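**Q** Take this structure, written in C-alpha cells, and hold onto it; I'll ask about it next.
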Amino acid sequence: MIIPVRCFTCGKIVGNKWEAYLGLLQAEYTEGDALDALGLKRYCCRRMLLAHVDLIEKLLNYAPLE
Amino acid sequence: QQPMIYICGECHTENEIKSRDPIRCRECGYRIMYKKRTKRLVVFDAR
Amino acid sequence: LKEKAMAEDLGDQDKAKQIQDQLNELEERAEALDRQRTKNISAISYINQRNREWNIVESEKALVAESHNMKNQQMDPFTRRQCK
Amino acid sequence: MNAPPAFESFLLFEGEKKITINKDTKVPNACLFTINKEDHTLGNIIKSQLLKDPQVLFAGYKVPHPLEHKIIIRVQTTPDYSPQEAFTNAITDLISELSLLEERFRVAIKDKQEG
Amino acid sequence: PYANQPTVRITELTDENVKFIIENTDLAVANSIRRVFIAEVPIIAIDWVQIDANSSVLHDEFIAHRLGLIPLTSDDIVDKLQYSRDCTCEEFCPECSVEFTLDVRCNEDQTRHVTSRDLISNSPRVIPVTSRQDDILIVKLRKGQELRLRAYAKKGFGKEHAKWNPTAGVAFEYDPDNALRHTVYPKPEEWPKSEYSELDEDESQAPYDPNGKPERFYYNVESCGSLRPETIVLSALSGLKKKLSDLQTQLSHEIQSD
Amino acid sequence: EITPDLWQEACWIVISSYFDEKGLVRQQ
Amino acid sequence: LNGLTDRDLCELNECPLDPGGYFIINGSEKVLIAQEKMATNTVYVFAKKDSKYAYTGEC
Amino acid sequence: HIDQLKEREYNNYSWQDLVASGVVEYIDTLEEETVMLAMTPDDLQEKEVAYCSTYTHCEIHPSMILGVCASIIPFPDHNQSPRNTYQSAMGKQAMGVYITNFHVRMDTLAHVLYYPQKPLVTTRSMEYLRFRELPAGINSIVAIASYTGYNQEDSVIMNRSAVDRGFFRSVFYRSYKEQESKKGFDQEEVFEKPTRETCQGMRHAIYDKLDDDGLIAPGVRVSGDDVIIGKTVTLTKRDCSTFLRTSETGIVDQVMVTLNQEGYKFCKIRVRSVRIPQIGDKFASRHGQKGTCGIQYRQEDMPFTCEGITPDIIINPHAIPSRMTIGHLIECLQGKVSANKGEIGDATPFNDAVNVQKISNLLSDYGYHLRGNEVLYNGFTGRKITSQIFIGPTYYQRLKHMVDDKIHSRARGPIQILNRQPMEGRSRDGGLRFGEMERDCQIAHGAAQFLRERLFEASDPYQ
Amino acid sequence: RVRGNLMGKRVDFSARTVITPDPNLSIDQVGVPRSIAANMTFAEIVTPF
Amino acid sequence: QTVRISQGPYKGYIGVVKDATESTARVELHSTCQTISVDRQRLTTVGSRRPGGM
Amino acid sequence: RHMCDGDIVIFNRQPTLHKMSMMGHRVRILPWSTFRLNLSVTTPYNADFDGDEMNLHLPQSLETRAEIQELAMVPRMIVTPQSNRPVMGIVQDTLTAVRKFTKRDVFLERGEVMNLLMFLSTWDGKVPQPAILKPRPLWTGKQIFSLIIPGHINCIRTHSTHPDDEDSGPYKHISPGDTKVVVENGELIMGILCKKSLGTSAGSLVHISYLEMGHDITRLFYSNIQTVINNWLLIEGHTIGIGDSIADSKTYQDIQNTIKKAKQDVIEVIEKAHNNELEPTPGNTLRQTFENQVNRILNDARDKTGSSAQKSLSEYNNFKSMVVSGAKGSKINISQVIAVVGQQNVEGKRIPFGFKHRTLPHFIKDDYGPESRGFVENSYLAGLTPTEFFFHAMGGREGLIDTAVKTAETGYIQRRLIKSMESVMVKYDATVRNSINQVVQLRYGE
Amino acid sequence: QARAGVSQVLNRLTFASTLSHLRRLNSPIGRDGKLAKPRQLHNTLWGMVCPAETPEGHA
Amino acid sequence: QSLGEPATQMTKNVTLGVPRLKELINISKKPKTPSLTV
Amino acid sequence: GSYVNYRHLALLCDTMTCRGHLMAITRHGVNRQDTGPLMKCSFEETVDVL
RNA sequence: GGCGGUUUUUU
Ligand SMILES: [Mg+2]
Ligand SMILES: [Zn+2]
Ligand SMILES: [Zn+2]
Ligand SMILES: [Zn+2]
C-alpha cells in the first residue's frame, strides 16, 4: 500500500526514494538507469522500486469528509 | 456527562445520540454512523 | 437523484434544467478532483502512461531488431513438432 | 500467541547463571562450559582461540537448540594444564587482540582522514 | 599459545560506507566481528509510540512500524544513554531516551506527505537522517485527516529488533581466488572474477595451497544513516570486547566459588 | 499488409481491446 | 452503477475494480454458479450394456 | 486493423470493429470440430511438408486457454500439470489487498497484507486479470538450499530481520454483528452495560472495558472472553451479549450502528489483529511449492553472498526433482535478471523466445553466474559453502492458514446435551475425535487400558 | 451410536496443531508449545516423596 | 485498571490488569497479542479518566 | 499439574493406516506454537510438514502412562511386523548429506572433526587416530561416521551405483567406485552410504542395529546420524537449479537424433499399416498390434534419450546426487526434466479423439502421429507446446482422479478387513482364536 | 428435493479468488461417483475451460 | 492393517490391484477376468 | 514389488476358511457367524441385527 | 450453554 521504509533483505533506507524515482522516470531516465542514479547497487533493493505497488492513492480516493 | 457522540456516515458530522433515540444524523438524515476513537492510552511499541 | 428526476420528468424545461444541474455538479466534482490530485495522484498517472508508451516502443524496437538479426538461429533448448 | 519476547536472547533471567562448569568423567582433564544467553558470536572465536593453544587437546562449542539460548564448550588440555585456565587465557589473549585491532583500526582511520 | 597481531588497512573511507582489510586474523574472529556489526551494535531508534488521533487511511500499528524503521542519528548519544531496561527511574527519563512529537493535519486541498521531517525531537543531535535527498515518507493524508503522536526512542541492538540494525549491507569476503578450495566450482571458467581478484584473466582460479590458512578478510560496511561506518566498526569492536570482559569476570567468579 | 514475424506484439493488442470492451464477468 | 464513472464509484464507497455481477441478499454477496446439463433438442445415441437394450437414442 | 486498434482509446476503436469488419469470429465447442484451427500464424503457414495447407482460423494466443488463477503462473508449461493445478487452487487463498475499499467493508474474516509488491516477472495475461494493481505477494530473495535442517520436508526458513522490517506482515479483521429484537411480549433486548446487581445471568469477565452505550469504543485492546457488546434481555436482566472468541486477541478498528430492515438497533464491530509471520505459517510460491515456516533466523545467522544480501527464504532442494517444477527455477533466474536490469520480465507460457540460455547470457552480463548460482557464506562461522547455492528473487505468497487459527487444546471443556461427550470444533472449545481407525490402532498395539481410558474415562464417565 | 459415539468418541486432554521440522530433537521426543502445555493437565497423587 | 510496567524487561508497555493476586498480577499488553504475569510491585497505575463532563 | 518436559504423550495423524502411526513421545516444550518431531519419525506418520495437522493425547493415569511407555513408543516401534523391516529411516536431506560425507574423497581438519564430535551423544570422549597423520592431520568422512555406529555391528550392503559385473571380475573386496559397504566391529571400512544402507529395507544398517543392539541404542543412532550430518552439511552445502538441469550440447544432439529416428520409425509403421503389410501379431488384432508397435517404439526412444542424458550427467550434478542417494527423485524424473517428457497416456492408452477423428482442432483428421496423440517432444526445461501442454494436463487429471477413487475404496476395504478380525488374538495356550474360542491356528503363523 | 449450492457466498479473500468464483462452473453429477469418465479432462475443453484450475478434494 | 496399508498404495487382462483385492475379499459368483492356466 | 509377511496372509485366509464355507469379508459373510449382536451391529446392519 | 442443514477450505 505504501513504500516501505527499508529493504527486507538488505536494510537500506528506501522510503525516501519513491518520489525521486517517479521524478526520474518522468523526466526521461528509464528504470534501469534511475535505480543506479538513486544508488541501489544490490538487486535486493531494486525490487522495492520495480515491484512496489502504490495503492495509497486508491485508498485516499475514498476521502472521508469533503 | 457523556451523551455518547457518533460520526455520521456520509456527512462526517458529529451527533449526540442518547438511549431510546433514533440513529440518524442531525442533518440530511442517514441511518449509518460510526463511533469516535476512545480516550484511553493507545500506546504501541514500534516493533 | 438529479438523473432519476430528469428521466422521470417529461417536461422539456425540467429535463433541460436537470441536465444543466447535473453538468454543473459533474464539472464541480471534476474541478475538485483535479485540485486535490494536482500532485502525486496526477504525477503517478502521467508516469504510468509515459511508461506504457515507452514499453510499447521498446517492444516494437525489440521485435524489429529480432526480425533484422536473422543470420543464424542454432540453439539447443528448443524444438517444435513436425508431423508428416 | 506463544512467540517469545525479544529480550530473552541476551538478558539473563533471575536465577540463571551466566557460565557453568561441569567436569567430565569419561576422560581426564575435560570440562564443559555452559554459557547462557549467548550465540555463535561468543563461541566460534573462543573455539578458534582454544584451538590455537597447543596444550589444548580438544576444544569445540555447540548449541543444544537454536530456539534455546545456550551453548556448551567442551575443552580438554594436557594433564599438566587445566581447562579453566585454558579458557581464561584464551579469553584474555582474545581481548588483548581485539583491543590491539581496535587501536590499529582507529589509527588507520585517523591517518586515512587526510593523512 | 597466545593470540595474534592483526593489522588493518582502509581502502575507501566515505560518509556512507567504509572498505577495509584485516590481515593476520582468524576466520572465526572475522565472522564474529561481522555478526557484531549486523546485530550487537548500540543505536537509537523509535520504540515507544503513543498515538492520540490517527484518521489516516493506514492502520494504527502501521504508523508505529514505520516510525520504528525510520533511522535516527546517534553519533555521540548512544554511548551516553543507558538501556531503558537498566534504567533506575520510571517513565522514559531524558537520561535514557529521546522524545519526538508529530502533529500534522491536511487542511489544503492537495494531499500531505507526512515525512520524517515532522518528527520534532527534543534533543538537538538525536534527529532523523535529514541533516545533509528526500525525507522518509511516513504516510499520506488527505483533506480532513490528521495524525498526532509522541514517541520515545531508546538504545538497542539488532539482536532485539531490526530497527537497531545500523549496518545496511555488510559485504564480507575472504580469499577471492579460490585458493583454499573452500568453494568447489564444477566449472571454474564459468564463474566471474571477484572484485579483489589478483589473478590474471587467463587462469580461472589460483592453484591449491595445502598449508594455507584463511587470511586477508575484506569488509565493506555500508551504514544506513544513523551511525557512521567507522563509528560502527569501533562500536562493534568495543561491544565484542565488553562481552568478552563480562564472560571473563563471570568465569573468574565461578572458578572462585567452586 | 500481412504482418510476418512481427506478431508477438500485435497478438496482444487484440486481447487488450477484447478485455477492455468486455470485462471478465461479462457473461453473468 | 450502470456505466458510472470511477469518480462516482469512489464517492459511493465502491471501487472500479469490483467486477460486480453478484447479488446482495441480507447484506451478503451472493454469486450464482453456472450449472451445466445436456443440450436440449439434440438426439444422442448410447449403448448401455447393463440393460436389455443394445442401443438407445435420447432426445 | 492493428494500427487502427493500437490508436484506440484516444479515438473510438474497439473489439466490435474487428467483429464487424470480419476479422474475428465466435466459434463454439460444437462448431470448433469442423474448422482447421491454427496455433501461430507465421510458423504454421510458411512452406514445409504439405501437412494440411487449408487453415480456416487461427487462435490469438495459445496461452489464452489458461483461466484466471492459472494465468498468473509464470512459465506454467515448465512445470508438471499437478503442481499447476495445486497453484491455481492456492492462488485463491493468497493474502493481500482483496479490494481497494476494504476500510468500508464489514465482512467477516478479511486478511490485508501491508506491502503487497508486484511480481518481478508478470505474464502478459495478468495485465488484464488485474493482479499487478492488487497483488498478493512479495518478491523475496529465495535461496534453494538446506542450510540448517528446518527446511527438509516441504518447509522454509524465513529471515527474522526481514519479518521485523515488514516481510509478509498482514492484518486480519473479524467483524461481529448484533441486533436487538422483540423475543416475546415480555422478553426484550437492549444495549446496556450489565451491572453486577440487576443482571442475573452474567459471565465472569470484564465489562467496564466498554462505554455506557454498551458498544466497545474503537482503538481499544481486547482479548479472548472480553465483552464487546452490552446486550441485556429483561426477564431482572440476563446478560445475553456476545464475547470475543477465545484465542482472538486484537484491537477494535471501528464500530458501526444503524437500523436494520426491521428497524431495531443493529451494530457491527470489527477487531483487527496484526499477524506477524511466525513459524507454522503456510507459504507458497506460484508453482505449487507450498510450505510452512520452520525456523526463523536473524540476518547475522542467515547466509550471505559476496555482498550484504541474505536470503529471505530457503526452500528444500529435495522439493524440486520429484515435483518437476523447473518453472520455479526459471522464474528465479529471470527475476534476478529483471532486478539487475530494471524492468519486469515476461513469463508467458508459450513464447518461442524465452529460453534459459538467453536469460543466462543476459544474467552473465552483471557479474553473476550465468546459471544463477552464487557463493554464500556460513552465516554462523563465516566459511564459504563448498556448494554454490542457487539464490535469486522469486515471488512468494502467504496463505490465510495461520498457526494461531489452528492451535487448540482441551481439559474437560463443555459437554453436549444429547450424548454427554465433548463438543466439536475449535470455536466451541471441543476435543479431538478418537476415530474408529484410532480404536483399531490401539487394539493392534494391545493397550486395552489406554483404549478404555480414551473411550470412557476421558470421554463420558457415567454410572 | 454404535459408530459415532461408542466405537468413536471425542476425548479430552487432546490437542491439534500444525507440525514443523526440528532435527535437534530425538525420534522419541515431541516438541510441544507452551500454550498447550499450560492448558492440558496431568493428575498426580500426593505422596510424602 | 490501566497500568504501566515501570521495571523489568517490559518497561514501558501499557496494559489492563486481567487477573490480580496478592503478589503477582496478569496484565495484557496493548501492543503484543499476549498476556503476561508480572509482579504487582512492578506495575504503576496510570488510569484513564475524563476530566470535565460539562 | 501442567504438562511438563518428560511426560509421555501419544502422537497421531488423523488417518491411522497401521500400527506405526500412534507412538508415544516424550514431551519437550519450546517457545513457538507448533508441534515438532525428528524428520525420521515422519515416514511412519506419513506427514510432510507442509501445513499438516497432528493430534496429541495425554493419558490420565500412571497405569496407562506406563502401559504406553512399555508398548506404544517410537524406539520400540522401529520394525513393523507387516514386512519385518524398519519404518523410520534417514529419508531426507540427511541421506544425501551422509552419502556425500561418506565418500572416499572426504577429508576433514581437526577443527571440523572436533566440531562434529560435539554432536555425538554416545561419544566415548577419545579422538580417533586420523587416517592421514602427515603431512597434515586429515580425518575421513567414513572414519567419523564409524563412531556413530554403536556396538560391534557387522553388515555388508551394496551401493546404488554398484556395477553388477564387479563381484565376478577382480577388485571384489576393493571396489574402484567405492561400493560394497563392509562394516566390521561397528566401523565403516569401504563403500558409500545411501538408502540401501540407511533407508528402510531388509538388512539395512538401521535394521541390523535394532536387531543387534537395543531400541534405545538405535534411537541414539538415529539422533547422532542426523545431528552430525546436518552440522557437516552446514559446511558442505546442497542446492539445485539450472546449473544442474542443463545438458552438454552433445546430449541435446543425441536427444534430437533419437527423436527424429523415433518419428521416422513411427511414420514407417503408419505407412506399412496403410499399405497393408504389418501382419496381425498373434493374439492381437491389426490396430492392436499397430498401437503396440508404436508404443514400443516411443518407449524405446524415451529410454534411449533418458539413458543418454543420465550418462551425460556429471558427478557434481545435484539431481544425480539426490537420485543416487535415494532421498528424493528418480532417473525417470531427471529424464523428463532434461531430455524429454514422454507419452501422455490416459486410461492406459493414448489421447483419444475427443473431436471427430482428431485430438484437437489444430491437428488434421486421421493423424496418429506421435505429437498429435500426445507424445511430448520437449522437456520441462525447454518449454512445452500448447497441445502437449494440454495433453500433460489431461494426464495429470487422470492421476488425480485415480488417487481420489483409491482413497475412497481402500477405506471401506480396510474397515471391513479390520471388523472381520478385530477379535483374533493369540491365547496363552499358544494358539490363535477368535472371540468364540474357535481355533484358527494351532500355532500363530503356522 | 431441489439442487444445492447453486448460489454461493462470494469468497472475498483476494482479487483472484473473487474473479475465479464469479467465472466458476459446476457439474450436476452426484458427489463421489464410482465412475471416472465425467471428471477426466475432455479434449473439447480447449479455450473454453481452464485445464489446470480445479479443486483436488472429492469434487 | 498389514493387508490394508499396502492397499492404499497399490493401484492379457488380469485387473490387478484394488479391484482384484475386492473380488478376492468378496467371494463373488462372477469375477471380472476369469481364466485358467492350463 | 511390495512385501507382506506371510503370517498376515495366512491369518486372513484362515479366518475366511475357518467355518468350512468361504465366509465373505462383507457383512453378509461376517454377520452369519455366531459371534454376537453387540459385535455385528458394530460393523453394519445395526438396527437389523439388534 | 443453543440446534440442524448446506457450502467452502485444508492434510
Ligand atoms: Mg502433506
Ligand atoms: Zn536490500
Ligand atoms: Zn441524519
Ligand atoms: Zn531513565
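Each chain in the C-alpha cells gets a letter, A, B and so on, in the order shown; residues start at 1 in every chain, and ligands are counted from 1 in the order they appear.
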Do a neighbour search on residue 5 in chain D at 12 Å with only C-alpha atoms (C1' of nucleotides), toss out local chain neighbours closer than 5 positions, and write the hits as a CSV table (one decimal) with C-alpha atoms, in the first residue's frame.
**A**
```
chain,number,residue,atom,x,y,z
B,47,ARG,CA,8.3,-3.4,16.9
D,10,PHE,CA,20.6,-11.9,25.7
D,11,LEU,CA,19.1,-10.7,29.0
D,67,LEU,CA,15.4,-21.7,19.9
E,159,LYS,CA,19.7,-8.8,18.2
E,160,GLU,CA,16.5,-7.4,19.7
E,161,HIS,CA,14.9,-6.0,16.5
J,9,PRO,CA,12.2,-6.2,30.7
J,10,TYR,CA,8.8,-5.0,29.7
J,29,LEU,CA,0.0,-6.0,26.7
J,32,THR,CA,1.6,-7.5,21.5
J,33,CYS,CA,-1.1,-10.1,21.4
J,34,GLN,CA,-0.2,-11.8,24.6
J,35,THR,CA,-1.0,-11.5,28.3
J,36,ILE,CA,1.9,-11.7,30.8
K,31,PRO,CA,8.8,-21.3,22.6
K,32,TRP,CA,6.9,-21.1,19.3
```
**Q** Excluding residue 35 in chain B and residues on its chain fewer than 3 positions from it, collect all residues at most 9 Å away from it, counting only C-alpha atoms (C1' of nucleotides), and give them as a PDB file with C-alpha atoms, in the first residue's frame.
**A**
```pdb
ATOM      1  CA  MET B   4     -22.291   9.273  23.511  1.00  0.00           C
ATOM      2  CA  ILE B   5     -21.125  11.058  20.340  1.00  0.00           C
ATOM      3  CA  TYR B   6     -21.277   9.457  16.881  1.00  0.00           C
ATOM      4  CA  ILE B   7     -19.979  10.401  13.431  1.00  0.00           C
ATOM      5  CA  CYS B   8     -22.386  10.428  10.506  1.00  0.00           C
ATOM      6  CA  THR B  38     -11.595   6.036  22.634  1.00  0.00           C
TER       7      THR B  38
ATOM      8  CA  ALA H 217     -15.089   2.058  21.527  1.00  0.00           C
ATOM      9  CA  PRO H 218     -12.619   1.923  18.607  1.00  0.00           C
ATOM     10  CA  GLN H 254     -14.339   0.786  14.074  1.00  0.00           C
ATOM     11  CA  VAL H 255     -17.941   0.445  15.187  1.00  0.00           C
ATOM     12  CA  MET H 256     -20.994   0.970  13.000  1.00  0.00           C
ATOM     13  CA  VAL H 257     -24.548   1.464  14.240  1.00  0.00           C
TER      14      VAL H 257
END
```
**Q** Show me which residues are within 7 Å of ligand 3 counting only C-alpha atoms (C1' of nucleotides) and all ligand atoms, and format the list as a list in words.
**A** residues 24, 25, 26, 27, 28, 29, 30 and 31 of chain B
**Q** Quick one: everything within 12 Å of residue 59 in chain D, counting only C-alpha atoms (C1' of nucleotides), minus sequence neighbours fewer than 4 positions away in the same chain. Send it as a PyMOL selection string.
**A** (chain D and resi 29-33+43-55+72-77+83+86-87+90) or (chain K and resi 110-118+125+127)
**Q** Please produce a file of those selected residues containing N, CA and C atoms, as a compact mmCIF listing (two decimals), in the first residue's frame.
**A**
```txt
# COMPACT_ATOMS: atom_id res chain seq x y z
N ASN D 29 40.97 -34.40 32.58
CA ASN D 29 41.21 -33.01 32.22
C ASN D 29 40.26 -32.58 31.11
N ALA D 30 38.97 -32.75 31.37
CA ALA D 30 37.93 -32.37 30.43
C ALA D 30 36.81 -31.65 31.16
N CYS D 31 36.46 -30.47 30.66
CA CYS D 31 35.44 -29.64 31.29
C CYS D 31 34.55 -29.05 30.21
N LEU D 32 33.25 -29.04 30.49
CA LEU D 32 32.26 -28.43 29.61
C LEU D 32 31.80 -27.13 30.25
N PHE D 33 31.88 -26.04 29.50
CA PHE D 33 31.41 -24.75 29.97
C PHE D 33 30.08 -24.42 29.30
N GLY D 43 31.30 -17.77 20.73
CA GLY D 43 31.59 -19.18 20.86
C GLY D 43 32.57 -19.62 19.79
N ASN D 44 32.36 -19.16 18.57
CA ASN D 44 33.26 -19.56 17.50
C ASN D 44 34.65 -18.99 17.75
N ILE D 45 34.72 -17.73 18.20
CA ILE D 45 36.02 -17.12 18.49
C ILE D 45 36.73 -17.85 19.61
N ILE D 46 36.00 -18.22 20.67
CA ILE D 46 36.64 -18.92 21.78
C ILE D 46 37.12 -20.29 21.34
N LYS D 47 36.34 -20.96 20.50
CA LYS D 47 36.78 -22.25 19.98
C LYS D 47 38.05 -22.09 19.16
N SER D 48 38.10 -21.07 18.30
CA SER D 48 39.29 -20.86 17.49
C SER D 48 40.51 -20.51 18.34
N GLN D 49 40.31 -19.71 19.38
CA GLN D 49 41.43 -19.37 20.25
C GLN D 49 41.93 -20.59 21.02
N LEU D 50 41.01 -21.42 21.50
CA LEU D 50 41.41 -22.65 22.18
C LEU D 50 42.16 -23.59 21.24
N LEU D 51 41.74 -23.66 19.98
CA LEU D 51 42.46 -24.47 19.01
C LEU D 51 43.90 -23.99 18.83
N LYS D 52 44.09 -22.68 18.67
CA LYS D 52 45.46 -22.17 18.55
C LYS D 52 46.36 -22.59 19.71
N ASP D 53 45.84 -22.57 20.92
CA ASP D 53 46.60 -23.01 22.09
C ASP D 53 47.03 -24.46 21.91
N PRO D 54 48.33 -24.77 21.88
CA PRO D 54 48.75 -26.14 21.59
C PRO D 54 48.45 -27.11 22.71
N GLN D 55 48.47 -26.67 23.97
CA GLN D 55 48.25 -27.59 25.06
C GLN D 55 46.80 -28.05 25.16
N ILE D 72 27.46 -24.90 24.74
CA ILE D 72 28.28 -25.80 25.55
C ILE D 72 29.64 -25.91 24.87
N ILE D 73 30.70 -25.58 25.59
CA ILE D 73 32.07 -25.62 25.08
C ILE D 73 32.81 -26.71 25.84
N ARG D 74 33.16 -27.78 25.15
CA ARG D 74 33.93 -28.86 25.74
C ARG D 74 35.41 -28.58 25.49
N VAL D 75 36.23 -28.72 26.53
CA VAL D 75 37.66 -28.45 26.44
C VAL D 75 38.40 -29.60 27.10
N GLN D 76 39.59 -29.88 26.59
CA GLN D 76 40.42 -30.95 27.12
C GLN D 76 41.87 -30.61 26.81
N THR D 77 42.64 -30.40 27.86
CA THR D 77 44.03 -30.00 27.75
C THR D 77 44.92 -31.13 28.25
N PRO D 83 41.57 -27.03 32.01
CA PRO D 83 40.68 -26.32 31.08
C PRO D 83 40.19 -24.98 31.59
N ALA D 86 42.90 -22.70 30.72
CA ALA D 86 42.89 -22.65 29.26
C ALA D 86 41.87 -21.64 28.77
N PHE D 87 40.63 -21.76 29.25
CA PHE D 87 39.58 -20.82 28.85
C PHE D 87 39.91 -19.40 29.25
N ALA D 90 42.59 -18.05 26.98
CA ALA D 90 42.03 -17.83 25.66
C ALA D 90 41.26 -16.52 25.60
N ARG K 110 41.26 -31.01 12.00
CA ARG K 110 41.00 -31.25 13.42
C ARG K 110 39.87 -30.36 13.90
N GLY K 111 39.82 -29.12 13.44
CA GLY K 111 38.75 -28.23 13.87
C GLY K 111 37.39 -28.76 13.48
N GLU K 112 37.22 -29.14 12.21
CA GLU K 112 35.93 -29.65 11.77
C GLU K 112 35.58 -30.96 12.47
N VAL K 113 36.56 -31.84 12.66
CA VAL K 113 36.30 -33.11 13.32
C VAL K 113 35.85 -32.88 14.76
N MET K 114 36.55 -32.00 15.47
CA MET K 114 36.19 -31.75 16.86
C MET K 114 34.87 -31.00 16.96
N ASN K 115 34.51 -30.23 15.94
CA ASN K 115 33.20 -29.58 15.95
C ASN K 115 32.08 -30.59 15.69
N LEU K 116 32.31 -31.55 14.79
CA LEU K 116 31.31 -32.57 14.53
C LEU K 116 31.18 -33.53 15.70
N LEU K 117 32.28 -33.81 16.39
CA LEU K 117 32.22 -34.70 17.53
C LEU K 117 31.35 -34.11 18.64
N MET K 118 31.20 -32.79 18.68
CA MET K 118 30.34 -32.19 19.69
C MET K 118 28.91 -32.71 19.59
N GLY K 125 34.61 -39.96 24.19
CA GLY K 125 35.49 -38.91 24.65
C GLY K 125 36.91 -38.99 24.15
N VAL K 127 39.52 -39.03 20.83
CA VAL K 127 39.58 -38.64 19.42
C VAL K 127 40.21 -39.79 18.64
```
**Q** Give me the residues near residue 13 in chain I as number ranges by chain, where near means some atom within 6 Å (using only C-alpha atoms (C1' of nucleotides)) and where sequence neighbours in that chain fewer than 4 positions away do not count.
**A** H: 410-411; I: 40; K: 57-58
**Q** Considering only C-alpha atoms (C1' of nucleotides), return as a PyMOL selection string whatever protein or nucleic-acid residues lie within 12 Å of residue 16 in chain J, sequence-local ones (same chain, fewer than 4 positions apart) excluded.
**A** (chain B and resi 40-42) or (chain H and resi 206+208-209+220-223+226) or (chain J and resi 1-5+20+25-31+34-37+43-48)
**Q** Can you pull out the residues contacting residue 1 in chain O? Cut-off 10 Å, using only C-alpha atoms (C1' of nucleotides), and skip same-chain residues under 6 positions away; I want them as a list in words.
**A**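 The filter keeps residues 414, 415, 416 and 417 of chain H.
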**Q** Could those residues be written to a file, using C-alpha atoms, as a tab-separated table (two decimals), in the first residue's frame?
**A**
```
chain	number	residue	atom	x	y	z
H	414	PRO	CA	-18.06	-28.14	27.65
H	415	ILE	CA	-20.18	-31.23	27.01
H	416	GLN	CA	-23.04	-31.81	24.60
H	417	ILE	CA	-26.64	-32.30	25.77
```
**Q** Excluding residue 115 in chain E and any residue of its chain fewer than 4 positions from it, enumerate the residues within 12 Å of it, using only C-alpha atoms (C1' of nucleotides), and give them as a compact mmCIF listing (two decimals) with N, CA, C and O atoms, in the first residue's frame.
**A**
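Now in result_26.txt:
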```
# COMPACT_ATOMS: atom_id res chain seq x y z
N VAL A 5 9.93 1.43 4.41
CA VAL A 5 10.94 2.34 4.93
C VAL A 5 12.33 1.80 4.64
O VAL A 5 13.28 2.58 4.48
N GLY A 15 12.31 4.27 1.73
CA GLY A 15 11.10 5.05 1.72
C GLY A 15 11.30 6.46 1.21
O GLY A 15 10.37 7.08 0.69
N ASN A 16 12.52 7.00 1.35
CA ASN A 16 12.83 8.35 0.89
C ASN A 16 13.29 8.38 -0.56
O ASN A 16 14.04 9.30 -0.93
N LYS A 17 12.89 7.42 -1.38
CA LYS A 17 13.32 7.40 -2.77
C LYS A 17 12.20 7.15 -3.76
O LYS A 17 12.46 7.14 -4.96
N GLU A 19 9.51 9.09 -4.42
CA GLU A 19 9.24 10.32 -5.15
C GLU A 19 10.36 10.64 -6.12
O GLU A 19 10.11 11.03 -7.27
N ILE E 63 1.68 3.00 11.50
CA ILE E 63 2.42 4.22 11.81
C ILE E 63 3.57 3.91 12.75
O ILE E 63 4.70 4.37 12.55
N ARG E 66 6.38 2.07 10.89
CA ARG E 66 7.17 2.95 10.04
C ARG E 66 8.06 3.87 10.87
O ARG E 66 9.21 4.11 10.51
N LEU E 67 7.54 4.39 11.98
CA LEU E 67 8.34 5.25 12.85
C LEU E 67 9.51 4.49 13.45
O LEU E 67 10.59 5.06 13.64
N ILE E 70 12.20 4.20 10.79
CA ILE E 70 12.90 5.46 10.49
C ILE E 70 14.19 5.51 11.30
O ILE E 70 14.16 5.27 12.52
N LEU E 102 4.87 14.49 16.78
CA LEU E 102 4.35 14.67 15.43
C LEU E 102 2.92 15.14 15.54
O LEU E 102 2.12 14.54 16.26
N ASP E 103 2.59 16.22 14.84
CA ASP E 103 1.23 16.77 14.86
C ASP E 103 0.99 17.40 13.49
O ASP E 103 1.37 18.55 13.27
N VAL E 104 0.36 16.65 12.60
CA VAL E 104 0.09 17.10 11.24
C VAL E 104 -1.40 17.01 10.96
O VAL E 104 -2.12 16.19 11.55
N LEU E 119 8.98 14.87 12.56
CA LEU E 119 9.38 14.38 13.88
C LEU E 119 10.25 15.39 14.62
O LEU E 119 11.48 15.34 14.54
N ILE E 120 9.61 16.30 15.35
CA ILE E 120 10.30 17.31 16.14
C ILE E 120 10.91 16.64 17.37
O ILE E 120 10.18 16.24 18.28
N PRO E 128 16.22 12.44 12.86
CA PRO E 128 16.31 11.51 11.74
C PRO E 128 17.32 12.00 10.70
O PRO E 128 17.71 13.16 10.66
N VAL E 129 17.74 11.06 9.85
CA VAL E 129 18.73 11.35 8.82
C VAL E 129 18.13 12.35 7.84
O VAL E 129 17.61 11.98 6.78
N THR E 130 18.19 13.64 8.20
CA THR E 130 17.67 14.70 7.35
C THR E 130 18.57 15.93 7.40
O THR E 130 18.19 16.98 6.86
N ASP E 134 15.59 13.28 -0.21
CA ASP E 134 14.26 13.48 0.35
C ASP E 134 14.17 12.82 1.72
O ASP E 134 15.07 12.11 2.16
N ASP E 135 13.07 13.08 2.42
CA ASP E 135 12.87 12.51 3.75
C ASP E 135 12.07 11.21 3.69
O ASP E 135 11.44 10.88 2.68
N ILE E 136 12.07 10.48 4.81
CA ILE E 136 11.36 9.21 4.90
C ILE E 136 9.87 9.47 4.97
O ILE E 136 9.38 10.09 5.92
N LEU E 137 9.13 8.98 3.99
CA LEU E 137 7.69 9.17 3.95
C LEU E 137 7.00 8.25 4.95
O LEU E 137 7.12 7.02 4.85
N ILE E 138 6.27 8.83 5.90
CA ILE E 138 5.56 8.06 6.91
C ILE E 138 4.23 7.64 6.30
O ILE E 138 3.99 6.45 6.06
N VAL E 139 3.36 8.62 6.06
CA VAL E 139 2.05 8.36 5.46
C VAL E 139 1.59 9.54 4.63
O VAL E 139 2.26 10.58 4.57
N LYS E 140 0.46 9.39 3.96
CA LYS E 140 -0.14 10.44 3.14
C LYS E 140 -1.52 10.73 3.69
O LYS E 140 -2.32 9.82 3.90
N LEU E 141 -1.79 12.01 3.91
CA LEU E 141 -3.04 12.48 4.47
C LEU E 141 -3.80 13.32 3.47
O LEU E 141 -3.21 14.11 2.73
N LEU E 147 -2.96 13.40 12.26
CA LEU E 147 -2.09 12.44 12.92
C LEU E 147 -1.31 13.17 14.01
O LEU E 147 -0.51 14.06 13.71
```
